[PDB]
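Below is query01.txt, which holds compact mmCIF, C-alpha atoms (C1' of nucleotides).
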# COMPACT_ATOMS: atom_id res chain seq x y z
CA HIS T 170 69.99 71.65 101.01
CA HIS T 171 73.74 72.25 101.36
CA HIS T 172 74.78 75.89 101.05
CA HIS T 173 78.09 75.88 99.42
CA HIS T 174 78.62 79.54 98.74
CA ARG T 175 77.93 81.01 102.10
CA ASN T 176 79.57 78.09 103.81
CA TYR T 177 82.74 78.73 101.79
CA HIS T 178 82.70 82.34 102.49
CA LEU T 179 82.35 81.81 106.16
CA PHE T 180 84.98 78.99 106.27
CA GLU T 181 87.49 81.09 104.31
CA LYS T 182 87.01 84.38 106.25
CA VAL T 183 87.16 82.86 109.69
CA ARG T 184 89.96 80.33 109.09
CA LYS T 185 92.29 83.15 108.12
CA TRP T 186 91.33 85.10 111.22
CA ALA T 187 91.76 82.12 113.52
CA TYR T 188 95.28 81.30 112.36
CA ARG T 189 96.32 84.67 113.74
CA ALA T 190 93.92 85.01 116.68
CA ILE T 191 94.87 81.72 118.43
CA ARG T 192 98.13 83.39 119.43
CA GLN T 193 96.21 85.92 121.50
CA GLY T 194 96.02 83.94 124.66
CA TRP T 195 96.21 80.36 123.30
CA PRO T 196 92.78 79.78 124.75
CA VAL T 197 92.25 76.16 125.91
CA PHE T 198 90.10 74.14 123.54
CA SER T 199 86.61 74.57 125.11
CA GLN T 200 87.04 78.34 125.07
CA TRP T 201 88.60 78.44 121.62
CA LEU T 202 85.72 76.43 120.27
CA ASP T 203 83.27 78.98 121.56
CA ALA T 204 85.49 81.80 120.31
CA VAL T 205 85.61 80.62 116.72
CA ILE T 206 81.94 79.73 116.41
CA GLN T 207 81.23 83.18 117.74
CA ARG T 208 83.34 84.71 114.98
CA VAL T 209 81.47 82.57 112.44
CA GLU T 210 78.25 83.99 113.87
CA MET T 211 79.40 87.56 113.53
CA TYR T 212 80.10 87.21 109.80
CA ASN T 213 76.96 85.22 109.28
CA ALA T 214 74.76 87.93 110.76
CA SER T 215 76.14 90.17 108.04
CA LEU T 216 74.85 88.05 105.13
CA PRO T 217 71.52 89.04 103.72
CA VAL T 218 70.32 85.46 104.29
CA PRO T 219 72.32 84.08 107.21
CA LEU T 220 72.88 80.34 107.68
CA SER T 221 71.43 78.57 110.62
CA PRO T 222 73.09 78.46 114.06
CA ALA T 223 73.68 74.71 113.60
CA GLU T 224 75.62 75.37 110.41
CA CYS T 225 77.69 78.09 112.05
CA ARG T 226 78.63 75.59 114.80
CA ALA T 227 79.72 72.98 112.34
CA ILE T 228 81.97 75.34 110.33
CA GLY T 229 83.27 76.71 113.58
CA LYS T 230 83.99 73.28 115.10
CA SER T 231 85.99 72.44 112.02
CA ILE T 232 88.29 75.47 112.24
CA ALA T 233 88.75 75.20 115.92
CA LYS T 234 89.68 71.54 115.92
CA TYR T 235 92.14 71.94 113.12
CA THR T 236 93.76 75.06 114.53
CA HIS T 237 93.85 73.84 118.19
CA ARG T 238 95.51 70.66 117.07
CA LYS T 239 98.05 72.11 114.64
CA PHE T 240 99.08 75.50 116.05
CA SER T 241 101.52 76.25 118.85
CA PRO T 242 104.11 78.72 119.87
CA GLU T 243 106.96 76.44 118.51
CA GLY T 244 104.78 76.20 115.42
CA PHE T 245 104.84 80.03 114.97
CA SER T 246 108.59 80.20 115.40
CA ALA T 247 109.11 77.53 112.75
CA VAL T 248 107.04 79.58 110.26
CA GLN T 249 108.82 82.81 111.22
CA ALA T 250 112.21 81.10 110.89
CA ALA T 251 111.37 79.79 107.44
CA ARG T 252 110.18 83.27 106.21
CA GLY T 253 113.05 84.98 107.98
CA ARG T 254 115.38 82.63 106.12
CA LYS T 255 114.04 83.73 102.71
CA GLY T 256 114.20 87.35 103.94
CA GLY T 257 117.76 87.51 105.22
CA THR T 258 118.86 85.73 102.07
CA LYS T 259 117.65 88.30 99.52
CA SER T 260 118.43 91.31 101.65
CA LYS T 261 121.53 93.53 101.59
CA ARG T 262 122.76 96.17 104.04
CA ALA T 263 123.64 99.61 102.51
CA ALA T 264 126.55 101.74 103.94
CA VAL T 265 125.57 103.93 106.91
CA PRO T 266 126.29 107.45 105.86
CA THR T 267 127.67 108.91 109.15
CA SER T 268 130.44 106.26 109.65
CA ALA T 269 134.27 106.49 109.35
CA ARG T 270 134.00 103.87 106.62
CA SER T 271 131.60 106.19 104.72
CA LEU T 272 132.93 109.71 105.36
CA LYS T 273 136.44 108.37 104.52
CA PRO T 274 138.52 110.90 106.54
CA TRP T 275 141.80 109.44 105.31
CA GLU T 276 140.95 110.46 101.76
CA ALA T 277 140.56 114.03 103.01
CA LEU T 278 143.69 113.74 105.16
CA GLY T 279 145.57 112.74 102.01
CA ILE T 280 146.66 109.36 103.38
CA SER T 281 145.02 105.86 103.01
CA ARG T 282 142.70 103.62 105.21
CA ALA T 283 145.56 101.54 106.48
CA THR T 284 147.86 104.50 107.39
CA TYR T 285 144.96 106.26 109.18
CA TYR T 286 144.45 103.23 111.34
CA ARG T 287 148.14 102.63 112.03
CA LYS T 288 148.44 106.29 113.14
CA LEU T 289 145.78 105.74 115.81
CA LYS T 290 147.22 102.98 118.02
CA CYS T 291 150.05 105.47 118.98
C1' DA B 1 161.37 101.74 106.93
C1' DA B 2 156.75 103.31 106.49
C1' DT B 3 152.84 102.97 102.90
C1' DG B 4 148.95 100.83 100.30
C1' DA B 5 146.00 97.16 98.69
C1' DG B 6 143.57 94.21 100.33
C1' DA B 7 142.10 90.20 103.00
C1' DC B 8 140.64 89.77 107.38
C1' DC B 9 138.54 89.66 112.36
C1' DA B 10 134.18 89.74 115.38
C1' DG B 11 130.15 92.28 117.00
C1' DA B 12 126.03 94.55 115.66
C1' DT B 13 121.78 95.56 112.84
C1' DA B 14 118.84 96.64 108.82
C1' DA B 15 116.21 94.40 105.30
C1' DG B 16 113.43 91.31 103.98
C1' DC B 17 110.14 87.30 104.44
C1' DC B 18 104.82 86.43 104.16
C1' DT B 19 100.58 88.23 101.35
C1' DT B 20 96.90 90.82 106.72
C1' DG A 1 87.96 72.11 103.58
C1' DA A 2 93.67 74.76 105.48
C1' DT A 3 99.22 76.02 108.54
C1' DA A 4 100.90 81.22 111.53
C1' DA A 5 102.91 90.16 109.27
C1' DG A 6 106.31 90.06 113.79
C1' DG A 7 110.01 86.53 115.17
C1' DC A 8 113.68 85.44 112.69
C1' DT A 9 117.82 84.84 109.38
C1' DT A 10 121.38 86.34 106.38
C1' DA A 11 124.17 89.58 104.41
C1' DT A 12 126.64 93.05 105.15
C1' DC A 13 127.52 96.57 108.00
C1' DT A 14 131.08 98.46 111.26
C1' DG A 15 135.77 100.17 113.68
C1' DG A 16 140.13 97.75 113.55
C1' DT A 17 144.11 94.75 112.43
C1' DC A 18 147.77 92.60 109.37
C1' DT A 19 150.12 90.57 106.15
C1' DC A 20 152.50 90.95 101.35

Whole structure given in structure tokens:
Amino acid sequence: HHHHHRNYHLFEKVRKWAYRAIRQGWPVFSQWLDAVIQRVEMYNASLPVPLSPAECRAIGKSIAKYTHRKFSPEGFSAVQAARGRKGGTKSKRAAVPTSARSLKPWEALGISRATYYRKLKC
DNA sequence: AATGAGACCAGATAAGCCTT
DNA sequence: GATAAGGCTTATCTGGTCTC
């Protein structure tokens, strides 16, 4: 009797949580393994008909081996650099309203940008 | 000579990414 | 079974200069 639906639901919920949680301490493997199983157990206890503790361990072992092996601080930077690259690319800075460039005092002084700045070195 | 128009430094900083 | 929403990048900001 394999239980595909609840298994899924547990594997999907927890894996998403684990990707983020591993960064809180980078617990060494033996502790991380216990951590993730324990999160599988907390969701499981929610279901009207929870899976067995053995099944919880299996789904938990899976997430924890994958995530311990693939995740790392350098890892997180790489992701954040890739996203940040997309982000800086389609992002534009607007004029800041309280700046010389924006208030344009030369326009009010009758003269132009370049004359205003030449008259300041003096 | 002294302006303007514009291209230029070079340092700083918001916006935007993902999809929590 | 699948890969990271806060560390990071890019575009443009800025006060100034400088030719033509």

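For residue A:7, the list of residues within 10 Å, based on all atoms listed in the file and with local chain neighbours fewer than 5 positions off taken out, reads residues 245, 246, 247, 248, 249, 250, 252 and 253 of chain T.
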
Output as a tab-separated table one row per residue of chain A within 7 Å of chain T: the closest atom pair and its distance in Å to one decimal place, counting only C-alpha atoms (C1' of nucleotides), sorted by chain and residue number ascending.
residue	atom	partner	partner_atom	distance
A:4	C1'	T:245	CA	5.4
A:7	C1'	T:249	CA	5.6
A:8	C1'	T:253	CA	4.8
A:9	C1'	T:254	CA	4.6
A:10	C1'	T:257	CA	4.0
A:11	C1'	T:261	CA	5.5
A:12	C1'	T:262	CA	5.1
A:13	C1'	T:262	CA	6.2

Output C-alpha atoms (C1' of nucleotides) for every residue in the selection just made, as an mmCIF file, keeping the file's coordinate frame.
data_model
loop_
_atom_site.group_PDB
_atom_site.id
_atom_site.type_symbol
_atom_site.label_atom_id
_atom_site.label_comp_id
_atom_site.auth_asym_id
_atom_site.auth_seq_id
_atom_site.Cartn_x
_atom_site.Cartn_y
_atom_site.Cartn_z
ATOM 1 C "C1'" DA A 4 100.900 81.220 111.530
ATOM 2 C "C1'" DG A 7 110.010 86.530 115.170
ATOM 3 C "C1'" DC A 8 113.680 85.440 112.690
ATOM 4 C "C1'" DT A 9 117.820 84.840 109.380
ATOM 5 C "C1'" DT A 10 121.380 86.340 106.380
ATOM 6 C "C1'" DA A 11 124.170 89.580 104.410
ATOM 7 C "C1'" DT A 12 126.640 93.050 105.150
ATOM 8 C "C1'" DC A 13 127.520 96.570 108.000
#

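The closest residue to chain B, picked from T:273, T:186, T:175, T:210 and counting all atoms listed in the file, is T:186.
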
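For chain B, the residues within 10 Å of chain T are residues 2, 3, 4, 5, 6, 13, 14, 15, 16, 17, 18 and 20 of chain B, with only C-alpha atoms (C1' of nucleotides) used to measure distance.
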
With C-alpha atoms (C1' of nucleotides) kept, could you save the residues just selected as a CSV table (one decimal), in the coordinates of the input?
chain,number,residue,atom,x,y,z
B,2,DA,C1',156.8,103.3,106.5
B,3,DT,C1',152.8,103.0,102.9
B,4,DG,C1',149.0,100.8,100.3
B,5,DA,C1',146.0,97.2,98.7
B,6,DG,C1',143.6,94.2,100.3
B,13,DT,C1',121.8,95.6,112.8
B,14,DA,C1',118.8,96.6,108.8
B,15,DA,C1',116.2,94.4,105.3
B,16,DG,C1',113.4,91.3,104.0
B,17,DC,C1',110.1,87.3,104.4
B,18,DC,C1',104.8,86.4,104.2
B,20,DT,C1',96.9,90.8,106.7

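Atom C1' of residue A:19 is positioned 25.5 Å from atom CA of residue T:277.
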
Task: Pairwise distance for atom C1' of residue B:19 and atom CA of residue T:203, rounded to one decimal in Å - done: 28.2 Å

TODO: Name the closest residue to residue T:176 among the candidates T:285, T:275, T:195, T:212; distances are taken between atoms, counting all atoms listed in the file.
DONE: T:212

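As for atom CA of residue T:226 and atom CA of residue T:206, they are spaced 5.5 Å apart.
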
For chain A against stretch 8-12 of chain B, with a cut-off of 9 Å and counting only C-alpha atoms (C1' of nucleotides), what is the closest atom pair and its distance in Å to one decimal for every residue that makes the cut, ordered by chain and number, as JSON lines?
{"residue": "A:13", "atom": "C1'", "partner": "B:12", "partner_atom": "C1'", "distance": 8.1}
{"residue": "A:14", "atom": "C1'", "partner": "B:12", "partner_atom": "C1'", "distance": 7.8}
{"residue": "A:16", "atom": "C1'", "partner": "B:9", "partner_atom": "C1'", "distance": 8.3}
{"residue": "A:17", "atom": "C1'", "partner": "B:9", "partner_atom": "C1'", "distance": 7.5}
{"residue": "A:18", "atom": "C1'", "partner": "B:8", "partner_atom": "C1'", "distance": 7.9}

Residues from the last selection, C-alpha atoms (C1' of nucleotides), saved as a short mmCIF file (atom, residue, chain, number, x, y, z; two decimals), keeping the file's coordinate frame:
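Dumped to result-v8.cif:
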data_model
loop_
_atom_site.label_atom_id
_atom_site.label_comp_id
_atom_site.auth_asym_id
_atom_site.auth_seq_id
_atom_site.Cartn_x
_atom_site.Cartn_y
_atom_site.Cartn_z
"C1'" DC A 13 127.52 96.57 108.00
"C1'" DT A 14 131.08 98.46 111.26
"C1'" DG A 16 140.13 97.75 113.55
"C1'" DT A 17 144.11 94.75 112.43
"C1'" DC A 18 147.77 92.60 109.37
#

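Among the candidates T:237, T:288, T:271, T:216, the one nearest to residue A:3 when counting only C-alpha atoms (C1' of nucleotides) is T:237.
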
As a CSV table (one decimal), in the frame of the given file, the rebuilt stretch 198-224 of chain T with N, CA and C atoms:
chain,number,residue,atom,x,y,z
T,198,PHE,N,91.1,74.5,124.6
T,198,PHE,CA,90.1,74.1,123.5
T,198,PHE,C,88.6,74.6,123.8
T,199,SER,N,88.0,74.3,124.9
T,199,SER,CA,86.6,74.6,125.1
T,199,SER,C,86.3,76.0,124.9
T,200,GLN,N,87.3,76.9,125.2
T,200,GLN,CA,87.0,78.3,125.1
T,200,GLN,C,87.3,78.8,123.6
T,201,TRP,N,88.3,78.2,123.0
T,201,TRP,CA,88.6,78.4,121.6
T,201,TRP,C,87.4,78.0,120.7
T,202,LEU,N,86.8,76.9,121.1
T,202,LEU,CA,85.7,76.4,120.3
T,202,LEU,C,84.6,77.5,120.3
T,203,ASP,N,84.3,78.0,121.5
T,203,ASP,CA,83.3,79.0,121.6
T,203,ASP,C,83.7,80.3,120.8
T,204,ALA,N,85.0,80.6,121.0
T,204,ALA,CA,85.5,81.8,120.3
T,204,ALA,C,85.3,81.8,118.8
T,205,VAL,N,85.6,80.7,118.1
T,205,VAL,CA,85.6,80.6,116.7
T,205,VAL,C,84.2,80.6,116.2
T,206,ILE,N,83.4,79.7,116.7
T,206,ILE,CA,81.9,79.7,116.4
T,206,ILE,C,81.4,81.1,116.5
T,207,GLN,N,81.8,81.9,117.6
T,207,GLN,CA,81.2,83.2,117.7
T,207,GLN,C,81.7,84.1,116.6
T,208,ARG,N,82.9,84.0,116.2
T,208,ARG,CA,83.3,84.7,115.0
T,208,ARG,C,82.6,84.3,113.7
T,209,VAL,N,82.2,83.0,113.6
T,209,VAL,CA,81.5,82.6,112.4
T,209,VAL,C,80.1,83.2,112.5
T,210,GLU,N,79.5,83.3,113.7
T,210,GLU,CA,78.2,84.0,113.9
T,210,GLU,C,78.3,85.5,113.5
T,211,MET,N,79.4,86.2,113.8
T,211,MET,CA,79.4,87.6,113.5
T,211,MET,C,79.4,87.8,112.0
T,212,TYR,N,80.2,87.0,111.3
T,212,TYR,CA,80.1,87.2,109.8
T,212,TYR,C,78.7,86.8,109.2
T,213,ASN,N,78.1,85.8,109.8
T,213,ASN,CA,77.0,85.2,109.3
T,213,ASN,C,75.8,86.2,109.4
T,214,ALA,N,75.8,87.0,110.4
T,214,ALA,CA,74.8,87.9,110.8
T,214,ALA,C,74.8,89.1,109.8
T,215,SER,N,75.9,89.4,109.2
T,215,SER,CA,76.1,90.2,108.0
T,215,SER,C,75.4,89.8,106.7
T,216,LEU,N,75.4,88.5,106.4
T,216,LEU,CA,74.8,88.0,105.1
T,216,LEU,C,73.4,88.4,105.1
T,217,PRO,N,72.9,88.7,103.9
T,217,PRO,CA,71.5,89.0,103.7
T,217,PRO,C,70.6,87.9,104.2
T,218,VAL,N,71.1,86.6,103.9
T,218,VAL,CA,70.3,85.5,104.3
T,218,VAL,C,71.2,84.6,105.1
T,219,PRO,N,71.4,84.8,106.4
T,219,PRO,CA,72.3,84.1,107.2
T,219,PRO,C,72.0,82.6,107.2
T,220,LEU,N,73.1,81.8,107.4
T,220,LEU,CA,72.9,80.3,107.7
T,220,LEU,C,72.3,80.1,109.1
T,221,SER,N,71.9,78.9,109.4
T,221,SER,CA,71.4,78.6,110.6
T,221,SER,C,72.5,78.5,111.7
T,222,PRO,N,72.1,78.6,112.9
T,222,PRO,CA,73.1,78.5,114.1
T,222,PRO,C,73.8,77.1,114.0
T,223,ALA,N,73.0,76.0,113.8
T,223,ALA,CA,73.7,74.7,113.6
T,223,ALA,C,74.8,74.7,112.5
T,224,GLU,N,74.6,75.4,111.4
T,224,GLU,CA,75.6,75.4,110.4
T,224,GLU,C,76.9,76.1,110.8
